[PDB]
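To begin, one chain is listed below as structure tokens, in the form deposited in one PDB entry.
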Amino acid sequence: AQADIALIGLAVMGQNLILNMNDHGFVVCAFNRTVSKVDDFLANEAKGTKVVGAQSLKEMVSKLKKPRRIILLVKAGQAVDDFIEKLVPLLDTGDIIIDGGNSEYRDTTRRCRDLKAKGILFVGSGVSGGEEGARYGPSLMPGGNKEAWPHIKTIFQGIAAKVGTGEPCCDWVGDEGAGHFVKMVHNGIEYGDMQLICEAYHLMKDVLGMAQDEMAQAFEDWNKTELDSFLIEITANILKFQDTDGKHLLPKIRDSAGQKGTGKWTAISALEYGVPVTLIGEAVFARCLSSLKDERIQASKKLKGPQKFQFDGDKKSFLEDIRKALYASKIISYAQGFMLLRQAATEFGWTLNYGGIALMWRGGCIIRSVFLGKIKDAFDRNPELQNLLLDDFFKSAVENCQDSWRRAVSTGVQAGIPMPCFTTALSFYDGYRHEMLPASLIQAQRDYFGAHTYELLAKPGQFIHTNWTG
């Protein structure tokens, strides 16, 4: 037994994780369902490394120092269950199987319980960062059986992305594949930040009438305040990018985004669990509206916008209201995301590391930002915060931004500028802060025509029915 860990699945993702562990001094045993990729991978990108290979599962298991640690990077679905069924008879009680693919969390939970009964430690881990991330420092979100954490903590944290304060972007998420659920919520939050930036870029282009490189300079200055993020860095670089001829390239790009993007499952999980994750759903619906390019071309010729509009104020003042509205809406988005994480932890009985979860998103992911570090700090003070809109940093940040927040929303509404995420974040904030909501009228209606009963504000849990008619 001379190899520390093994990895099944010799794809660009699996290869980079193996080379990453090799660059940190770990002997990795490579393997693939088609053994032909083993000797192929060992004589190219692994030529001259400590990486060893195996042509059978029994050989691979026999070359690992106990407790044996297997990383699965195969396609999510039946392929993962096939390798598990083929590994269980070969493993001893206490061995570790790690699924690093984009597996559905309900499957990871099922595999975690079934393998715990057989004495095998199963871990479902989320890996974000693409190929370049998996090569030098990916974001790892492990979860499942904490008994396997003391063994994989050394290798995972070593190869994980470094955040800047020395800590690794890899900690224990929770039990029964909570990391794959965290990986899902991570995908939905990505849709919000990107769409939120697009709404801000829309305001600068149609209300302030700015030029491309002038908008890129605004984002570069916006990337020096509270909005430090990789999505804003690339946004400024995209706006300033000049094609073959001096003209810019972005106005030449088609106006259609993805339609079957993975971010919708975050909003579907919100509807399944009854959590008001409104901003993520608007970002998903916004991309689907973009795919209707031909309908929007014909609609622009027939449907008209707001008449007699003119911007009276200050171009340089409105450029600071858009920023604070973009920052306040982003706070509402992450507040809803942790509400979905909280409800899932309650439904299954998980104990999530909300502070560490924000750290794992802060390095290697696309949504990485120092703003995520402030979420980590907020979850370092109470680790019981039922809502990010209930802590000092976020509560104060809205109090300064909300005045310019409503100014950007009101101006964009009268200007005819689509801001679905700006408005739904402001609508959710006003709704969440109201002790009394008009939903009592909804209950009165459902009881009126459907006799769906209702409760009294002072006597909960007791459902009564009113005649209403006679």
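Each residue number is its position in the shown sequence, starting from 1. We call the rigid core the largest set of C-alpha positions that still match within 1.5 Å between the two forms.
What comes next is about the form deposited in another entry, which does not appear here.
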Of 354, 327, 318, 83, the residue whose C-alpha shifts by 2 Å or more between the shown form and the other one, after superposition on the rigid core, is 83
Core superposed first: is there a CA shift of 2 Å or greater at residue 74 between the shown form and the other one?
yes
message = Once you overlay the rigid core, does the Cα of residue 144 travel 2 Å or further between the shown form and the other one?
response = yes
Did residue 23 shift 2 Å or more between the shown form and the other one, C-alpha, core superposed:
yes
One pair moves by 3 angstroms or more in that other deposited form: the C-alpha atoms of residue 385 and residue 147, which are farther
Taking the shown form as reference, the Cα pair residue 264 and residue 78 shifts by 3 Å or more in that other deposited form and sits closer
